[PDB]
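Take a look at the structure set out below.
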Amino acid sequence: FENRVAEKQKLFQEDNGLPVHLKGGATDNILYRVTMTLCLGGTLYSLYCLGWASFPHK
Amino acid sequence: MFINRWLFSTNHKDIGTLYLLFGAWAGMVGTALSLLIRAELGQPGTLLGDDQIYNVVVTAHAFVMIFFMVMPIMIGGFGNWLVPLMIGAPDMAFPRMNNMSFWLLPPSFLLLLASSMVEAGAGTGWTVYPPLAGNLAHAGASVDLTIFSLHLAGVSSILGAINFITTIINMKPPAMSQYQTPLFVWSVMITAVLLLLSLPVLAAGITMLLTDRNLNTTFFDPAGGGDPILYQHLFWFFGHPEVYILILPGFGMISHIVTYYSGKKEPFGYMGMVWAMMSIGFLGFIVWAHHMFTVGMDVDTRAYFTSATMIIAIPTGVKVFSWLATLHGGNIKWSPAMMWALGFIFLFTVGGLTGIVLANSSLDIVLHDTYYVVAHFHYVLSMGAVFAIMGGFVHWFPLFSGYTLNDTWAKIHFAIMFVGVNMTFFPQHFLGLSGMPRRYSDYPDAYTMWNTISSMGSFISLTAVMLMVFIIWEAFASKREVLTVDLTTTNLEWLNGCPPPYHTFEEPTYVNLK
Amino acid sequence: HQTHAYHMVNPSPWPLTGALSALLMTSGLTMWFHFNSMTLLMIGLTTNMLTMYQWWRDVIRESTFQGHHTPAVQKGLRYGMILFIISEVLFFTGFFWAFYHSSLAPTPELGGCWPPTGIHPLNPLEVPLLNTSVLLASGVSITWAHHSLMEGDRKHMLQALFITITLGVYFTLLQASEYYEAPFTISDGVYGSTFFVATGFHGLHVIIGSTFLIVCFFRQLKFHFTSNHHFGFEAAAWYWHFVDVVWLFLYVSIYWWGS
Amino acid sequence: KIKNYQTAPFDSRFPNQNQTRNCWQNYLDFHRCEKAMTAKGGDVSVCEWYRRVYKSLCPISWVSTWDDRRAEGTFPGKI
Amino acid sequence: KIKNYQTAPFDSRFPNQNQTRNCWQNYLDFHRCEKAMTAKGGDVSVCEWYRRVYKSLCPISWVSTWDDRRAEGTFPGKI
Amino acid sequence: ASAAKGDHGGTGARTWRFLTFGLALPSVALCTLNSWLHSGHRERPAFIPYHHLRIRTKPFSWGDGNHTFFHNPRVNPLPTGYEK
Amino acid sequence: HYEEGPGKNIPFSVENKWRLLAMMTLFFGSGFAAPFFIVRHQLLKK
Amino acid sequence: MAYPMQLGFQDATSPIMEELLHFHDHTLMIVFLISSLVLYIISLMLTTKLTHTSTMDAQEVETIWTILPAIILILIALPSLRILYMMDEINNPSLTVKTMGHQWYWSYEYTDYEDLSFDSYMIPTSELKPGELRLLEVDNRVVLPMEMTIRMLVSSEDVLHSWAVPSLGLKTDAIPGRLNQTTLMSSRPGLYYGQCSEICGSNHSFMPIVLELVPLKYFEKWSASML
Ligand SMILES: CCCCCCCCCCCCCCCCCC(=O)OCC(COC(=O)CCCCCCCCCCCCCCCCC)OC(=O)CCCCCCCCCCCCCCCCC
Ligand SMILES: CCCCCCCCCCCCCCCCCC(=O)OCC(COC(=O)CCCCCCCCCCCCCCCCC)OC(=O)CCCCCCCCCCCCCCCCC
Ligand code: HEA
Ligand code: HEA
Ligand SMILES: CCCCC/C=C\C/C=C\C/C=C\C/C=C\CCCC(=O)O[C@H](COC(=O)CCCCCCCCCCCCCCCCC)COP(=O)(O)OCCN
Ligand SMILES: CCCCC/C=C\C/C=C\C/C=C\C/C=C\CCCC(=O)O[C@H](COC(=O)CCCCCCCCCCCCCCCCC)COP(=O)(O)OCCN
Ligand SMILES: CCCCC/C=C/C/C=C\CCCCCCCC(=O)O[C@H](COC(=O)CCCCCCCCCCCCCCC)COP(=O)(O)OCC[N+](C)(C)C
Ligand SMILES: CCCCCC/C=C\CCCCCCCCCC(=O)O[C@H](COC(=O)CCCCCCCCCCCCCCC)COP(=O)(O)OC[C@@H](O)CO
Ligand SMILES: CCCCCC/C=C\CCCCCCCCCC(=O)O[C@H](COC(=O)CCCCCCCCCCCCCCC)COP(=O)(O)OC[C@@H](O)CO
Ligand SMILES: CCCCCC/C=C\CCCCCCCCCC(=O)O[C@H](COC(=O)CCCCCCCCCCCCCCC)COP(=O)(O)OC[C@@H](O)CO
Ligand SMILES: C[C@H](CCC(=O)O)[C@H]1CC[C@@H]2[C@H]3[C@H](O)C[C@@H]4C[C@@H](O)CC[C@]4(C)[C@@H]3C[C@@H](O)[C@@]21C
Ligand SMILES: C[C@H](CCC(=O)O)[C@H]1CC[C@H]2[C@@H]3[C@H](O)C[C@@H]4C[C@H](O)CC[C@]4(C)[C@H]3C[C@H](O)[C@]12C
Ligand code: CUA
Ligand SMILES: [Cu+2]
Ligand SMILES: [Mg+2]
Ligand code: NA
């Protein structure tokens, strides 16, 4: 292996106004969207489950 | 921009605001629950149903008032808002982790609401003692949702504790020693240390209850060689420190309020105040068994716990007399905040004194699990903790919002609340001495008068809570912008104006070492 | 421009995704324990992993790549890690308290003795002793790794760290095997309860600790650490020693004294 | 014979509020003695005292459960 | 009766080279049993096994010293 | 204690490596020798349905609800006894 | 960057005092009402 | 029992409860004195136009407000611990009675000589005989001999309960798998009431305790006839 930290330092210090969690590139965007979708979707699903468990199925 | 600011925040002020909002909402829920309790006891007979629905209400009332109202407001709200400003720090040490401590609360609250929605709820008492809380006497998801709620609230507070301790130790100006930080900052750090040490024990204990309920372990089940009393020790080892966690930030705010409205530049006996809070924090870890005087412990163990418990009155006494000594010779400003602080000093003292009565294991035999205990803790919590929160809220509202409240309306609010809480809880001493048990949906006929008067007092308090919402509305509706504040030389949090800008102390304060 | 040395962190979505993942995992456990379904739990575990991955990735970006970790910031992180470890110690203390409470006053249901009637404890001189030498040995190799890094020796740092990780994995495999071989289970009264919950949470910490060390190994491979700035490695090592010390207490209390 | 028992007297071995062991101990003692006497060709009347004490102190359901278990072969105590 | 004893059999409680407690335990057991029987009105013949075992294992001088001490009131063991 | 070795003139990388290969790993090799020697499957004890063991207050959330997570047929009996 | 100053450092708007009263009413009212409706829920199940 | 508008403790039925009443009067006086002293001082501090806002020294007045409370705490602890040890005194009972808590009733066992045992349920309000107390009466009372030292053993067969009789100064938790002991000794004949004192579910408020204290003679007859 070779030391490429300098390249990474350049990339992450590039003045493009992007927040650190998206400054790596397009992949950050994708991973973020996947994460948030699973979180919000899963939360909606948990709400539905609560609605189901709240009522007796005799 | 709205989402980035309010959902992705890394700002101590905004995060403190979120906490204040959450705690205010929680307070409405907890008040409603307390009204249901007092409605049920307002006249002899059954109103809602048996002890199950009643105790599901009692249990939730406690969890909401403690975990969702008091702690979030004092520590997350006032703590986040004021701590960085009082030490001239640009923000908290871990600004992102700070945001997670907040966001764990809504899910935690949702689990608590879910537990009361499913099955027959968790009617176990906030202490959640097995076997009643076990899988046979409380089968179904309710108790499990309650345990998970506590786990989330626990992680939130532990991370919050790590953040506060680190910020307070590491981010003061280079020249400022720990003995140069305001008393509120000291109160928050000590509270954070108690949280860091106590919550993990609670977490261990409730995890064991969880496994006993779902994985066939038998930590508290005698059939497997377990012991229900083990749970009590684990719970109360966290439980007592918890009550000091609920009052310490209150003591800190009271010191600031009393000093401020006495026109003083400093509280009387600063080092004695630091000593007192540290002593209280320490003693608070070696007295837990006073919540177990009737479980059948050896007499020597009971003599020790009686003795150790009473010692806390000494450091607490130093604080009380120091607050009085701060008023001494002051140019007293009779503002609404001052009123709340004066009520706190007297009412907390009364509650603390009945605590000393309860410390005696001999007497506690007869007072335990009776309304005398309920009277004791409502004086220190519903009058102590709550008055400190109200005082701090009216005092700092102009700083947080940039607007002033109507002082006359605020004084009317204080008067109503004062009558309400005293009418609600004072008669409960009588009910306790005469033998009325805790967690009862109905009582023998002889207890009718005092229960009737107590329930009427609770309605007076409801009137005060409704008025407070109106008062906050009126302030935001009229928009009277703050101009100047007195005593900024000894109250750094006000020095950046009202409200301070999003980023404060970008250029740190200058403090000579000499 | 700020004229203080502290880190003003960019607004981040991870605190929220992390909190939501906690809701999904607890909701998930409830669904599994009571409504026989692992769907919620699976989603929770996934978003949790994603949150941690991205959050820590960003911390690396902020420090190694952007230079936000000034001495003041690093000092704070040191306090943070020590405090976290303290809370973990207290968590285990609750389990030791449960162990001693049960073992020191065996109830009649157990036969009034410890270990309970019908319980045949593992021999502490067999795999449990091996596990002990494995963790103590990894404590020595990680110290060699630390000194190599400070002395600017890349090859030996990687070598020592690899050995440390192999040892942690070895312990994990040994424990997994011991769990399978054990004649007693978690449902075997308070003996099985205390044994499996305490060693189980410890095993979980060993897995977390090993993962932390693996992260360090790859950050080292990528030249992230300088001979003087490598807090991630220091934290991983402090955490590793903690895991080591908890084992020593478990070994002496549960495996040896409690047999 | 040396009896005329009212109730189980104070036992310095179990001087505290938790009396669980006192009950257990006497139950064990009676069944151990009863087994020794029934074995070596003797009389169970010597085991009388223990029987009276455990009968006095032990909850009926405890004695009943323990008896069922000794019969089933699952009594965890040593007899 | 149930005897026909050659010598003290292996005892899983004392499986090692040091047999000091084996002797001591059986000596105590015999004298405890002997006291229980002579007390509650029974027969010492039930205590026979313990007597045979301790007599087989215990050095004569030990038994002799212990006996002298029980008589003198200085026996440190509990009987 | 002070062990029975010596160095201390300066504890560095070379010293810790020396300890890793000269003391630590050899200890692990010995314990591995000892363990993979005293192993051998021990004869499973007779089953006795003790009430304080094989606890079942609620079925497990997996399998048939009656088997423990790391159930070993060879040594873990069910509440009703060993398996076929 | 974000808005600063009185009425701008909050997640709700105070531009119109009546719209605000509606907000606060729903906010605090929903909290106070929740326990009553959960009690109703529990009574209507059995 | 408690009567309408009661302010303090139910009248003492045992020597120990009498002891507690005097200890509470002693403690309450201190509580009243300190709380009113604090209220007075607050009013004193707030009623003067005179001021002194400069730095005030504290290492002098803190000796006073550290030593005084310390002395006061000792003055409370002394009689408190005297009573505590007194309750632990060896007394040697003439009778042993056991009570088992159950999900919503108490069962009693008098097994010293005969194997006597019965359940004790609350009399429903709809079935109370005229003049009977709502929520407090039970079908089978705990008949006990007056002026005699009795050993009560308490346990439970399900969840936690707590056996209490305020007039006698008693409260002993009923824990499953544990046998808690307390001693009872009534100075007078009569009926003495108490209520379950540990949350146990649905009918926690409805499982009272009623002791019937009568002379030895009557106790004996009752014994026999309850076979
Ligand atoms: C639940 C929320 C109710 C929703 C009602 C809102 C409707 C909006 C329509 C929407 C119409 C759009 C109009 C836009 C502008 C303003 C409205 C706003 O944006 O809408 C939302 C905003 C604003 O909030 C409001 O809307 C009005 C609040 C007024 C508060 C005055 C407080 C005065 C006290 C002083 C506070 C300290 C700050 C002062 C100092 C100044 C700060 C420095 O809030 C937030 O986004 C963050 C709040 C987070 C947490 C608070 C408690 C949450 C508890 C949840 C747990 C549930 C468990 C399951 C429980 C499930 C139930 C069974
Ligand atoms: C609303 C309830 C109505 C009840 C009225 C009583 C009826 C009397 C029948 C009149 C009938 C007379 C015949 C009965 C005599 C039997 C004596 C006894 O065996 O019974 C013994 C009982 C009863 O005690 C008494 O011997 C009466 C004491 C009454 C104290 C009343 C204070 C009232 C303050 C004003 C409103 C309360 C809120 C203030 C809070 C005060 C802090 C506790 O002992 C207790 O355990 C009760 C109180 C316990 C703990 C609180 C201690 C702190 C006191 C603070 C003092 C502040 C003073 C400044 C002045 C306070 C300024 C605010
Ligand atoms: C804000 C919360 C808070 C605080 C600060 C306290 C403070 C104290 N508490 Fe209280 N307590 C609770 C909340 C609190 N408590 C709760 C919630 C419960 C019930 C839990 C449950 O079961 O659900 C409870 C229960 C409880 C019990 C258990 C009773 C029982 O269940 O039978 C006991 C036992 O000793 C006790 C004692 C004390 C004491 C001695 C103090 C001391 O810290 C008070 C010290 C203060 C003073 C004494 C006053 C000021 C001092 C002076 C003016 C100096 C001079 C004084 C003297 C010389 C005496 N408390
Ligand atoms: C902080 C804790 C707290 C608070 C404030 C209160 C307040 C009240 N509680 Fe209490 N209560 C408990 C904690 C608390 N309680 C606990 C721990 C238990 C025991 C549970 C158990 O047994 O398991 C209990 C039990 C309990 C019982 C006994 C139940 C039983 O044994 O059967 C009763 C009975 O009357 C009662 C009544 C009330 C009433 C009428 C109020 C009223 O005074 C409430 C009035 C309204 C307020 C004081 C809230 C105002 C604050 C806000 C709304 C925030 C405002 C916003 C900002 C300033 C930003 N409570
Ligand atoms: C039955 C038993 C149950 C199970 C037991 C299980 C496990 C056993 C326990 C522990 C073993 C585990 C791991 C140990 C290995 C490493 C830990 C890390 C310590 C370390 O290596 O830290 C360093 C040493 O400093 C230092 O101790 C600095 C000090 C720390 C500062 C933070 C603490 C602040 C909290 C407040 C403390 C209050 C004390 C104040 C005094 C009054 C109190 C009465 C560097 O750090 P730093 O922050 O820059 O400090 C600057 C000071 N030089
Ligand atoms: C291989 C060594 C490493 C140990 C961990 C590895 C795999 C198990 C999965 C998760 C474990 C994580 C923490 C421990 C929680 C419970 C104890 C588990 C320890 C363990 O694995 O114990 C096993 C039981 O498994 C069981 O029930 C397991 C059932 C799985 C259920 C998980 C339930 C999760 C409960 C989590 C509660 C978490 C709350 C955490 C709070 C943290 C602070 C807020 C023992 O097997 P057995 O067949 O009974 O006996 C062996 C007989 N041959
Ligand atoms: C349950 C147990 C508790 C019960 C009771 C406890 C109450 C204590 C009662 C009395 C305390 C007596 C303190 C004596 C201090 C003298 C006060 C004084 O006068 O205050 C100053 C001293 O500074 C100083 O100690 C600092 C100023 C005053 C120091 C003390 C003031 C605080 C007193 C307490 C306040 C009331 C709260 C009491 C709590 C119960 C004045 O300074 P000088 O004269 O040098 O300068 C002035 C210039 N000359 C020289 C020209 C006159
Ligand atoms: C299923 C049953 C219950 C489940 C509950 C689960 C709850 C949450 C799950 C999701 C949390 C995972 C996401 C990662 C969190 C990492 C936080 C962290 O790593 O926080 C760090 C600080 O705390 C530090 O170091 C010191 C401490 C590091 C803290 C590590 C966080 C672990 C969270 C679990 C805590 C359990 C408590 C343990 C006690 C029993 C970094 O601070 P930031 O503010 O980010 O940045 C500051 C910048 O200057 C950095 O460049
Ligand atoms: C260390 C501080 C200074 C020491 C001063 C004393 C304070 C704590 C001491 C800690 C060690 C004590 C152990 C001695 C054991 C003697 C008591 C014993 O034997 O108690 C046993 C349980 O002890 C148990 O788990 C005891 C288990 C722990 C309970 C104590 C709680 C403190 C633990 C948390 C502290 C956090 C510190 C972090 C550590 C790194 C069993 O219960 P008994 O009541 O006996 O029941 C017998 C009945 O059948 C008859 O009545
Ligand atoms: C398959 C198993 C999955 C199990 C789930 C848990 C999985 C993994 C946990 C392991 C976490 C690894 C943490 C990775 C941290 C990477 C970020 C890091 O290490 O970041 C460092 C900061 O430390 C920091 O925030 C320190 C960050 C502290 C994090 C440690 C917290 C441990 C988490 C425990 C959570 C569970 C709690 C237990 C349950 C009861 C960055 O600073 P440096 O290193 O100085 O670099 C700078 C130099 O390059 C300059 O030249
Ligand atoms: C490639 C690298 C040399 C430095 C560089 O990257 O330039 C070498 C040096 C030391 C490392 C090795 C260490 O000797 C430790 C390990 C020993 C081997 O048995 C397997 C791989 C092993 C895990 C490592 C892989 C190897 O590729 C490393 C990473
Ligand atoms: C020494 C320390 C700090 C002094 C300073 O550096 O300013 C001071 C602060 C608070 C003081 C304590 C508090 O005033 C309470 C106690 C008061 C008594 O007068 C002596 C002991 C007493 C326990 C004090 C001892 C010591 O003087 C303390 C502990
Ligand atoms: Cu039985 Cu409450
Ligand atoms: Cu306490
Ligand atoms: Mg109780
Ligand atoms: Na009612």
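Residue numbering restarts at 1 in every chain; chains get A, B, ... in the order shown in the structure tokens, and ligands count up from 1 in that same order.
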
Discussion item. If we count only C-alpha atoms and set the cut-off at 10 Å, which residues sit around range 136-138 of chain C, ignoring sequence neighbours fewer than 6 positions away in its own chain? Please answer as number ranges by chain.
Written reply: C: 130, 144, 160-168, 240-241, 244-245, 247-248; F: 19-21, 23-28

Contacts from chain F to chain B, 12 Å maximum, only C-alpha atoms: show me the residue list as a PDB file with N, CA, C and O atoms, in the first residue's frame.
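Once everything was written out, this is result39.pdb:
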ATOM      1  N   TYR F  50     -35.396 -32.065  38.070  1.00  0.00           N
ATOM      2  CA  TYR F  50     -35.365 -31.059  39.133  1.00  0.00           C
ATOM      3  C   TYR F  50     -36.191 -29.851  38.718  1.00  0.00           C
ATOM      4  O   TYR F  50     -36.145 -29.442  37.564  1.00  0.00           O
ATOM      5  N   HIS F  51     -36.951 -29.297  39.659  1.00  0.00           N
ATOM      6  CA  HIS F  51     -37.815 -28.154  39.379  1.00  0.00           C
ATOM      7  C   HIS F  51     -37.110 -26.817  39.277  1.00  0.00           C
ATOM      8  O   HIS F  51     -37.678 -25.861  38.754  1.00  0.00           O
ATOM      9  N   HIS F  52     -35.869 -26.757  39.746  1.00  0.00           N
ATOM     10  CA  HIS F  52     -35.103 -25.525  39.671  1.00  0.00           C
ATOM     11  C   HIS F  52     -34.251 -25.462  38.407  1.00  0.00           C
ATOM     12  O   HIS F  52     -33.517 -24.496  38.190  1.00  0.00           O
ATOM     13  N   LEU F  53     -34.371 -26.468  37.552  1.00  0.00           N
ATOM     14  CA  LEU F  53     -33.613 -26.483  36.311  1.00  0.00           C
ATOM     15  C   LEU F  53     -34.569 -26.627  35.129  1.00  0.00           C
ATOM     16  O   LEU F  53     -35.758 -26.859  35.322  1.00  0.00           O
ATOM     17  N   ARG F  54     -34.054 -26.482  33.910  1.00  0.00           N
ATOM     18  CA  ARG F  54     -34.870 -26.577  32.694  1.00  0.00           C
ATOM     19  C   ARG F  54     -36.142 -25.729  32.817  1.00  0.00           C
ATOM     20  O   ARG F  54     -37.229 -26.160  32.429  1.00  0.00           O
ATOM     21  N   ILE F  55     -35.981 -24.515  33.339  1.00  0.00           N
ATOM     22  CA  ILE F  55     -37.087 -23.589  33.556  1.00  0.00           C
ATOM     23  C   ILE F  55     -37.813 -23.224  32.267  1.00  0.00           C
ATOM     24  O   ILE F  55     -37.178 -23.021  31.226  1.00  0.00           O
ATOM     25  N   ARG F  56     -39.147 -23.178  32.339  1.00  0.00           N
ATOM     26  CA  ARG F  56     -39.999 -22.822  31.192  1.00  0.00           C
ATOM     27  C   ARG F  56     -41.193 -22.027  31.709  1.00  0.00           C
ATOM     28  O   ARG F  56     -42.195 -22.599  32.127  1.00  0.00           O
ATOM     29  N   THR F  57     -41.055 -20.709  31.761  1.00  0.00           N
ATOM     30  CA  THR F  57     -42.148 -19.864  32.217  1.00  0.00           C
ATOM     31  C   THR F  57     -42.824 -19.239  30.995  1.00  0.00           C
ATOM     32  O   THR F  57     -43.931 -18.720  31.086  1.00  0.00           O
ATOM     33  N   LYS F  58     -42.131 -19.277  29.862  1.00  0.00           N
ATOM     34  CA  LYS F  58     -42.625 -18.745  28.603  1.00  0.00           C
ATOM     35  C   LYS F  58     -41.795 -19.419  27.523  1.00  0.00           C
ATOM     36  O   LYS F  58     -40.584 -19.598  27.681  1.00  0.00           O
ATOM     37  N   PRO F  59     -42.441 -19.865  26.438  1.00  0.00           N
ATOM     38  CA  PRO F  59     -41.648 -20.511  25.391  1.00  0.00           C
ATOM     39  C   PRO F  59     -40.668 -19.576  24.700  1.00  0.00           C
ATOM     40  O   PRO F  59     -40.909 -18.369  24.586  1.00  0.00           O
ATOM     41  N   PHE F  60     -39.532 -20.143  24.302  1.00  0.00           N
ATOM     42  CA  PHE F  60     -38.499 -19.400  23.607  1.00  0.00           C
ATOM     43  C   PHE F  60     -39.055 -18.904  22.280  1.00  0.00           C
ATOM     44  O   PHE F  60     -39.891 -19.563  21.663  1.00  0.00           O
ATOM     45  N   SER F  61     -38.577 -17.747  21.836  1.00  0.00           N
ATOM     46  CA  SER F  61     -39.043 -17.134  20.602  1.00  0.00           C
ATOM     47  C   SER F  61     -38.460 -17.742  19.330  1.00  0.00           C
ATOM     48  O   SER F  61     -38.421 -17.097  18.282  1.00  0.00           O
ATOM     49  N   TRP F  62     -38.030 -18.996  19.415  1.00  0.00           N
ATOM     50  CA  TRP F  62     -37.443 -19.680  18.262  1.00  0.00           C
ATOM     51  C   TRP F  62     -37.735 -21.177  18.307  1.00  0.00           C
ATOM     52  O   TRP F  62     -38.155 -21.703  19.345  1.00  0.00           O
ATOM     53  N   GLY F  65     -40.021 -23.562  20.671  1.00  0.00           N
ATOM     54  CA  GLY F  65     -40.205 -22.882  21.940  1.00  0.00           C
ATOM     55  C   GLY F  65     -39.729 -23.649  23.156  1.00  0.00           C
ATOM     56  O   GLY F  65     -39.784 -23.141  24.271  1.00  0.00           O
ATOM     57  N   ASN F  66     -39.197 -24.847  22.948  1.00  0.00           N
ATOM     58  CA  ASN F  66     -38.752 -25.676  24.065  1.00  0.00           C
ATOM     59  C   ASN F  66     -37.257 -25.996  24.065  1.00  0.00           C
ATOM     60  O   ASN F  66     -36.765 -26.650  24.986  1.00  0.00           O
ATOM     61  N   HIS F  67     -36.529 -25.535  23.054  1.00  0.00           N
ATOM     62  CA  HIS F  67     -35.087 -25.784  22.988  1.00  0.00           C
ATOM     63  C   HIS F  67     -34.293 -24.514  23.256  1.00  0.00           C
ATOM     64  O   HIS F  67     -34.601 -23.472  22.683  1.00  0.00           O
ATOM     65  N   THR F  68     -33.259 -24.602  24.095  1.00  0.00           N
ATOM     66  CA  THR F  68     -32.432 -23.425  24.375  1.00  0.00           C
ATOM     67  C   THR F  68     -31.645 -23.008  23.117  1.00  0.00           C
ATOM     68  O   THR F  68     -31.479 -23.792  22.174  1.00  0.00           O
ATOM     69  N   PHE F  69     -31.179 -21.766  23.103  1.00  0.00           N
ATOM     70  CA  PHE F  69     -30.493 -21.232  21.946  1.00  0.00           C
ATOM     71  C   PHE F  69     -29.342 -22.058  21.383  1.00  0.00           C
ATOM     72  O   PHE F  69     -29.238 -22.228  20.169  1.00  0.00           O
TER      73      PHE F  69
END

Can I get the residues close to ligand 7 as an mmCIF file with N, CA and C atoms, in the first residue's frame, where close means within 6 Å and we count only C-alpha atoms and all ligand atoms?
data_model
loop_
_atom_site.group_PDB
_atom_site.id
_atom_site.type_symbol
_atom_site.label_atom_id
_atom_site.label_comp_id
_atom_site.auth_asym_id
_atom_site.auth_seq_id
_atom_site.Cartn_x
_atom_site.Cartn_y
_atom_site.Cartn_z
ATOM 1 N N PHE B 321 -29.429 27.293 54.492
ATOM 2 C CA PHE B 321 -29.006 28.459 55.242
ATOM 3 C C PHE B 321 -28.170 29.415 54.398
ATOM 4 N N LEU B 324 -30.552 31.536 52.395
ATOM 5 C CA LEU B 324 -31.107 32.549 53.284
ATOM 6 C C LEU B 324 -30.056 33.635 53.502
ATOM 7 N N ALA B 325 -28.791 33.221 53.627
ATOM 8 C CA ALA B 325 -27.693 34.167 53.841
ATOM 9 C C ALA B 325 -27.393 34.979 52.580
ATOM 10 N N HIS B 328 -29.959 37.749 52.747
ATOM 11 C CA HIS B 328 -29.535 38.653 53.815
ATOM 12 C C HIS B 328 -28.805 39.898 53.310
ATOM 13 N N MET H 56 -19.445 38.582 52.045
ATOM 14 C CA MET H 56 -19.657 38.136 53.406
ATOM 15 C C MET H 56 -18.825 36.883 53.668
ATOM 16 N N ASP H 57 -18.145 36.832 54.811
ATOM 17 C CA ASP H 57 -17.337 35.664 55.146
ATOM 18 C C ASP H 57 -18.193 34.529 55.736
ATOM 19 N N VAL H 61 -19.912 30.911 60.564
ATOM 20 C CA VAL H 61 -21.339 30.683 60.707
ATOM 21 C C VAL H 61 -21.676 29.253 60.245
ATOM 22 N N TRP H 65 -24.121 26.120 61.747
ATOM 23 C CA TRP H 65 -25.084 25.360 60.983
ATOM 24 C C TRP H 65 -24.671 24.002 60.407
ATOM 25 N N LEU H 68 -24.978 22.195 64.983
ATOM 26 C CA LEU H 68 -26.355 22.168 65.477
ATOM 27 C C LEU H 68 -27.173 21.019 64.855
ATOM 28 N N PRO H 69 -27.283 20.981 63.501
ATOM 29 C CA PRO H 69 -28.047 19.900 62.876
ATOM 30 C C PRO H 69 -27.467 18.542 63.229
#

Worksheet entry | Close residues, residue 378 in chain B itself excluded, 10 Å, only C-alpha atoms, min 6 positions apart in chain, as a ChimeraX atom specification | /B:347-348,351,384-386,421-422,424-426,428

Worksheet item: If you count only C-alpha atoms and all ligand atoms, which residues end up within 12 Å of ligand 16, as number ranges by chain?
Response: B: 36-51, 53-55, 439-445, 447-448, 451-452, 455; H: 135, 205-206

Worksheet item: atom 14 (C, counted along the ligand's line) of ligand 4 and CA of residue 381 in chain B are how many Å apart?
Response: 6.3 Å
